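Observations on the three-dimensional arrangement
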Amino acid sequence: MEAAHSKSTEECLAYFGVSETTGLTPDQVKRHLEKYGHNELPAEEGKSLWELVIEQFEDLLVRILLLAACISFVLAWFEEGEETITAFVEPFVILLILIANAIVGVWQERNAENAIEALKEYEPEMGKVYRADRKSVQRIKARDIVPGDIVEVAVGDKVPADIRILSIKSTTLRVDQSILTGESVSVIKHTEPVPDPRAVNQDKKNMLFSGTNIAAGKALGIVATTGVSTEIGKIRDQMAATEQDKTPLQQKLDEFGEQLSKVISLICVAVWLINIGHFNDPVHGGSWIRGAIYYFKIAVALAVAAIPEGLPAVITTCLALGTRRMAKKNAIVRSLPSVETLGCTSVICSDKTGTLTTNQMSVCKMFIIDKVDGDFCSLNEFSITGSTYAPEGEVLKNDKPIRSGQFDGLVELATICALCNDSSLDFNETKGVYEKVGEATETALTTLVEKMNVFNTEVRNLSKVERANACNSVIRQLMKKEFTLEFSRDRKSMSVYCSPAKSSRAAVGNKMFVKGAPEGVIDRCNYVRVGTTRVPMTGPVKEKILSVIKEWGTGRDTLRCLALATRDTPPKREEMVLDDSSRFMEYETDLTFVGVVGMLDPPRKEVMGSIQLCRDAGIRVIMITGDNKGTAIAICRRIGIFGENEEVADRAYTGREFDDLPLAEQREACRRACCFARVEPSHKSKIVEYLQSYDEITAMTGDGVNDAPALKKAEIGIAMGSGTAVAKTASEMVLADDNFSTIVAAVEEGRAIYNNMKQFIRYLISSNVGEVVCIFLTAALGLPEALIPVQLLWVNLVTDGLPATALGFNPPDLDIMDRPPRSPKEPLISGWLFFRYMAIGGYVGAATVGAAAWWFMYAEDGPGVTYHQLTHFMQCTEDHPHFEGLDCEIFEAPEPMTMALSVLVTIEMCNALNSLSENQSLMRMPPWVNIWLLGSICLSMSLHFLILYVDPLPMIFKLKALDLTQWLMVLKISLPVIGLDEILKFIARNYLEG
Ligand SMILES: Nc1ncnc2c1ncn2[C@@H]1O[C@H](COP(=O)(O)OP(=O)(O)CP(=O)(O)O)[C@@H](O)[C@H]1O
Ligand SMILES: [Ca+2]
Ligand SMILES: [Ca+2]
Ligand SMILES: [Ca+2]
Ligand SMILES: [K+]
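Residues numbered from 1 in each chain as written, not as in the entry; some residues may be left out. Chains lettered and ligands numbered in written order. Heavy atoms only, no water.

- Determination of this PDB entry was carried out by X-ray crystallography to a resolution of 2.585 Å, according to the record.

- Its PDB record names the entry "Structure of the (SR)Ca2+-ATPase Ca2-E1-CaAMPPCP form".
- In its Catalytic activity (unreviewed entry) section, the UniProt record describing the protein chain reads: "Ca(2+)(in) + ATP + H2O = Ca(2+)(out) + ADP + phosphate + H(+)".
- Within the UniProt record for the protein chain, the comment given under Sequence similarities (unreviewed entry) is "Belongs to the cation transport ATPase (P-type) (TC 3.A.3) family. Type IIA subfamily." (UniProt positions renumbered as here; feature names shortened; annotations may be inferred.)

Encoded structure:
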């Protein structure tokens, strides 16, 4: 623990007793661990309490059913309701369905949190340190960092601990501290003390805070605090729920449920008025109150029955489920809406290097000049074996291994690769593999240098740890690096200013060593080095060099290329201003060309496939990269973005060609082109923005800081697990896998969630419309009543709970990934689907009324009132308007009513079987494609049998039905509802639209 941004850099080193360049000793690390513990927060636990989660009773349609239960609990406390205990049952036929859905949602939520926590904890965060046991920097688990050690951070990195800055290697250091300070744009740092002890974080301009991101630059620091003492460590618990709101589709279904309240309300108030007449009837003594209280109970029960009380939970669930499924594919969802949004994406923009490609670079080819004689220019080309970062391989010329030191050009070439380089190698002792520290492109040069061994340095007798940077160090010992002009994407090159080492010859000349995109670099060369010699750049020499670059980048290896140059006579340091990055290009002029290196960088295995799937799902894939256009077009071909011969003259563009276009033309180019190359970070963002101007849902995939703006602009930003912390911070999803296949899976999951939300609604609407159609069909046709308040509450508990919820576990449709993407502003409910809600709701309305009627008429066990119903119910007591007074009251027989109640349950459970797929037949999508549904159905049917046959219960709900023959008819009236939808599905299937 050091308490000061306010002590000097010397004082900090001395406090911890550390040598700035070596780092802590093994024993020091031992002590510091003991005294300071591991660099991690304890928390890591809790989050949502079991009870906290349970409270999604907080919704809308749930509060309605909630209150409804209150009243049925209060109407019951007044000793009445119609039948004593039957009124205390009511409040529980209501809560039960709420409790069921609550349990499911809670369970889904728990499993989700878990799966995610599993995936997040999987891959250990690493840091870079200099420690006394190793000359070059090394990577260690971030939790093993202690106060006192020398840490290295560079553009892209998450700052691993609270660090006091020692040394800024770049000309500036910019940092993203939003997570801590709310400071929206990156901020500049220095290494000078900040006197004020009580200084607020924003003024700690010589400190790097754990959890912030290096936006730009490279720095060396010493760790002040770790773990909980960390600036962001103190503030973990605090903060009043920075957790946001809900998803578009969620607010949509929500809004939709909002207006269903209105309608159901009205239909209910209606039911009350429609029946304000039967208020005096003998059934409730005709009391001038007992009649309206009953029908008010009928309306309320009809309401609780009509309201899709489960809709809120099923969204929550399908969501928690998609997150869980994605977690299983090693995708981390940082933002809930991302799966649904991905669901209707029409365009996937994608970075090339490290995203479409593995970013495992190896220098496999190189050249320098050989002869220059007038229009004749010849190169010395070489090949290099070893594909990994291991310093193991050969330099081949003409199939014979050569001693690089033999060629003065290679000596210089390796010198440049070694000095103009912000990366290094670190040998992982446990994995037994050489790993990069820093950027792949640079590390590839490091391993190259080790392979070239141009000064014939003795390395055979070195450990694998030492062997990793041995020849590079040799070069470093030979030239002092005064300073570095950081790589920048406008100039697309990078520089180092160096002086001869021992200062023994303090004027044999200073040099700058330059490396960069070949086109820019070759343009700024005026000389060409030939061995130890120098001759002027000419057309022929340049054409030669460029064409071999073209050859390599377009050939079967699709080589990523770089030019290497030296500035033989650099400006005086004093004439050089380090303040403005924009003057670096001029400093990097009048160059001598030395050579080119060509890098191998294999495409990911799963990409070509994923793209085909996008193509099938109507999804466009665009490659966007800073790399040369040649290599980018070639790669696109290799992975299927472009055909192997496809003309691409106006389907591929460099940033410059794209800028040369009018705005209108740029927008258009984005609609046809699929390869954008040598484009800056601003270009990436613009392209995405253009796609969005066609009101399209755009995804962006990337890994590097040049991608963060586009990543933030897209609808869904997807970062690679292997990429920069900056790219991850700007994303909604992270592929911890680095597996590009997952993107397509996410799309499909998001497509499936929508479809499940759909069938759920279709089931509730078409069914509940039916129930309401019943109450109005009998009351209008002038029949005995079909149902009673509690009977209503029961078809509710049994047809609107788990059978509905279960549809959320529907399997994806057969063609789900073979249609195009749904426009996001598609009316939630199609014009045709509404007719389908009615055709079904109608059969349900008229099948449940026909059942009670059939009992009164065609039913043997029942009376034989025979067609016309004898017409009315004017009889009542003993023989009234005498039209065959053979039976007294019959109506008020539980039988006709229990009958309808059982066609209702049965026929609802029947057309939930229609809700496995929008338009697919039960033929291609059989009932057993969703087992969860079949279980729920059995649960309800069986629950319905209980109520009917367990002796005390039928009294509470109204007496039973002859197993043998009654059911035969219920089942005979109900089964057709499957036949009816199956005609409807066929209609919209055999004729297709949507
Ligand atoms: N460290 C470095 N020093 C010098 N030149 C570099 C460099 N890193 C990259 N370059 C060159 O600059 C060019 C532009 O880099 P930029 O980062 O925009 O793209 P990229 O091609 O490296 C990444 P991607 O394919 O994801 O877009 C690279 O293609 C390469 O030629
Ligand atoms: Ca309901
Ligand atoms: Ca990249
Ligand atoms: Ca229902
Ligand atoms: K975004």
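Read on for the rest.
**Points about the pattern of salt bridges**
- A complete count under the given rule lists 43 salt bridges for this structure.
- Between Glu113 and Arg110 there is a salt bridge, with the nearest N and O atoms lying 3.2 Å from each other. One end of the pair is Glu113 and the other is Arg110, both in helix α5 (residues 86–122) and three residues apart, which spans about a single turn.
- Between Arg573 and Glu482 there is a salt bridge, and its shortest N-O distance comes to 3.0 Å. Of this pair, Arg573 sits in the loop between β23 (560–567) and α19 (584–587) while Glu482 is found in strand β18 (residues 479–488), placing the two residues 91 residues apart along the sequence. (Salt bridge = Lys/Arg side-chain N within 4 Å of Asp/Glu carboxyl O. Helix = DSSP H or I, 4+ residues; strand = E, 2+ residues; numbered from the N terminus.)

**Thoughts on the UniProt feature "binding site: Mg(2+)" (unreviewed entry) in the protein chain**
- In the numbering adopted here, UniProt assigns the feature "binding site: Mg(2+)" (unreviewed entry) to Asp703 and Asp707.
- In this structure, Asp703 sits in the loop between β28 (698–702) and α25 (708–713).
- In this structure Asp703 touches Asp351, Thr353, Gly354, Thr355, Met720, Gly723, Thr724 and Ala727, once residues within four positions along its chain are discounted.
- For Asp707, the location among the structural elements is in the loop between β28 and α25.
- Take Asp707: its relative accessible area is 0%, and that puts it in the buried class. (Contact = heavy atoms within 4.5 Å. Buried < 20%, exposed > 50% of the residue type's maximum accessible area, 1.4 Å probe, protein only.)

**What to know about a negative patch on the surface**
- Taken together, the side chains of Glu82, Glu83, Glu785, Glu889 and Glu892 make up a negatively charged region of the molecular surface.
- By the secondary structure assignment, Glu83 is in the loop between α4 (61–74) and α5.
- On the basis of relative accessible area, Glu83 is assigned to the partly exposed category, the value being 37%. (Patch = residues over 30% accessible without salt bridge, like charges linked within 9 Å, V, L, I, M, F, W, Y side chains within 5 Å. Areas by Shrake-Rupley, 256 points an atom, 1.4 Å probe, with all protein chains shown as cover. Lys, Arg positive; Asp, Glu negative; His and termini not counted. Charge placed at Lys NZ, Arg CZ, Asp CG, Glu CD.)

**Comments concerning the coordination of the calcium ion (ligand 3)**
- Here the calcium ion (ligand 3) is held by the protein donor atoms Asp351 (OD), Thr353 (O) and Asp703 (OD), which lie 2.3 to 2.6 Å from it.
- As a motif over one chain, the donors of the calcium ion (ligand 3) read D-x1-T-x349-D. Of this pair, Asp351 sits in strand β11 (residues 347–351) while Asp703 sits in the loop between β28 and α25; the two residues are 352 residues apart in sequence, bridging distant segments of the chain.
- Overall, the relative accessible area of 10% leaves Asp703 in the buried class. (Donors = N, O, S within 2.8 Å, 3.2 Å for Na, K, Ca; no water.)

**Re the site of ligand 1**
- Lining the immediate surroundings of ligand 1 are 20 residues, of which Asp351, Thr353, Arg560, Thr625 and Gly626 lie closest.
- Note that an oxygen atom of ligand 1 is positioned 2.2 Å from one of the side-chain N or O atoms of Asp351.
- A distance of 2.9 Å separates an oxygen atom of ligand 1 from a polar backbone atom of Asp627.
- For ligand 1, the accessible surface in isolation is 610 Å², of which the surrounding protein chains cover 93%.
- Grouping the amino acids of the shell around ligand 1 by side-chain chemistry returns four nonpolar, six polar and 10 charged.
- Taken domain by domain, the shell around ligand 1 gets at least three of its residues from each of domain 3 (346–358 + 603–745) and domain 4 (359–602). (Near = heavy atom within 4 Å. Polar contact = N/O pair within 3.5 Å; in protein donor to acceptor, adjacent residues only side chain to side chain. Nonpolar A, V, L, I, M, F, W, Y, C, P; charged D, E, K, R; others polar. Domains from an automatic or database assignment.)

**As for the packing of helix α8 (residues 248–274) against helix α27 (residues 741–781)**
- One way to put it is that α8 packs onto α27 with a least axis distance of 12 Å and a crossing angle of 5 degrees. Relative to α27, α8 is oriented roughly parallel. In contact with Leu249, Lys252, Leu253, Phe256, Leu260, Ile267, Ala270, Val271 and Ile274 of α8, α27 contributes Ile753, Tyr754, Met757, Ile761, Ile765, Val772, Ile775 and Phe776. (Axes fitted to C-alpha atoms, helices over the stretch in contact; angles between N-to-C directions. Parallel < 35°, antiparallel > 145°, perpendicular 65-115°, else oblique.)

**Comments concerning unusual backbone geometry**
- Residue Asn359 is not a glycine yet carries a positive backbone phi of 65 degrees.
- Counting through the fold element by element, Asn359 comes out in the loop between α12 (352–356) and β12 (362–373).
- Backbone geometry places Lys492, a non-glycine residue, at a positive phi of 50 degrees.
- Secondary-structure assignment places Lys492 in the loop between β18 and β19 (493–500).
- Judged by its relative accessible area of 18%, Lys492 falls in the buried class.

**Thoughts on the side chain of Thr441**
- Structurally, the position occupied by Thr441 is in helix α14 (residues 440–452).
- Of the polar contacts made by the side chain of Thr441, one reaches the side chain of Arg560; its length is 2.9 Å.
- Residues within four places of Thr441 in sequence aside, it is in contact with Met361, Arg560, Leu562 and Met599.

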